[PDB]
Amino acid sequence: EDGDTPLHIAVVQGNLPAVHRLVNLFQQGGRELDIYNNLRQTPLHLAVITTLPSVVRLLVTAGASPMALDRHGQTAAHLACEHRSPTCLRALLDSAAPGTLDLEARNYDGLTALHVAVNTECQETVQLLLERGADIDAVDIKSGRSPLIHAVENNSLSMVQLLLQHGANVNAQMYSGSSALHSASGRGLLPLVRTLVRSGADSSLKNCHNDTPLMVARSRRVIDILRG
């Protein structure tokens, strides 16, 4: 019955025993576990949102799909990252059947789980995604920016260091042809300029305006770093 979502309720109330009972009942009647409420959430979405790793494991092992989309096109993985929940992300990645979970999934905004994680600057979720195969250079359709460029624009030295550590292309360019270094240089983000240059950033790379990171240097201190 419409407005009847007993499994959704059991999840939000954190009642694992009830969830188990209901999962058994659903399976006996051929009912899908990926049933939507009026917010377009499945019970699995709710398990991640509530931060219940044990429930996530039960549901996924029982056949709930990690790829079912919510209202904003978020997969379970996307939701674990926006909720800064490494344990739920771990539960999902460990429980999913081989070949059923794709970390390159794009939400309606166009972002991967990695983009979302970097934006929260949660080091734990970023690390785990990267260890499990997430494409570190993936570019979302909206901005054409890699996670590294996102990190530089957010002025997060931690994320910049973490991504470079994991093999990120330091010379990736946006639609306009600007790189991470153009951004750091133009804004005078000294610690970032130092980190990018030592990691191999190309200071001669031209954008669509024909500008190089050297030409947009905000101050003499930046120029000094760029030139060594």
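Here, residue 1 is simply the first one shown, and the rest follow in order.
Method reported for this entry: X-ray crystallography, 1.9 Å.
Keep in mind that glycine also has a Cβ here, set from the backbone N, Cα and C atoms.
Feature annotations, reproduced from Swiss-Prot:
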type   : residues : note
REPEAT : 2-31     : repeat 'ANK 1'
REPEAT : 39-68    : repeat 'ANK 2'
REPEAT : 72-103   : repeat 'ANK 3'
REPEAT : 109-138  : repeat 'ANK 4'
REPEAT : 143-172  : repeat 'ANK 5'
REPEAT : 176-205  : repeat 'ANK 6'
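Among the stretches 2-31, 109-138, 143-172, 176-205, the one making the largest number of Cβ pairs under 8 Å with the repeat 'ANK 3' (72-103) is 109-138.
Among residues of the same chain six or more beyond the repeat 'ANK 2' (39-68), those with a C-beta under 8 A of the stretch's C-beta atoms are 7-8, 10-12, 14, 16, 19-20, 23, 27, 33, 74-77, 79-80, 83, 85, 87-88, 90-92, 94-96, 100-102, 105.
Away from its own ends, the repeat 'ANK 1' (2-31) comes close to residues 37-38, 41, 43, 46-47, 50, 52, 54-55, 58-59, 62-63 of its chain (Cβ-Cβ under 8 Å, at least six residues beyond either end).
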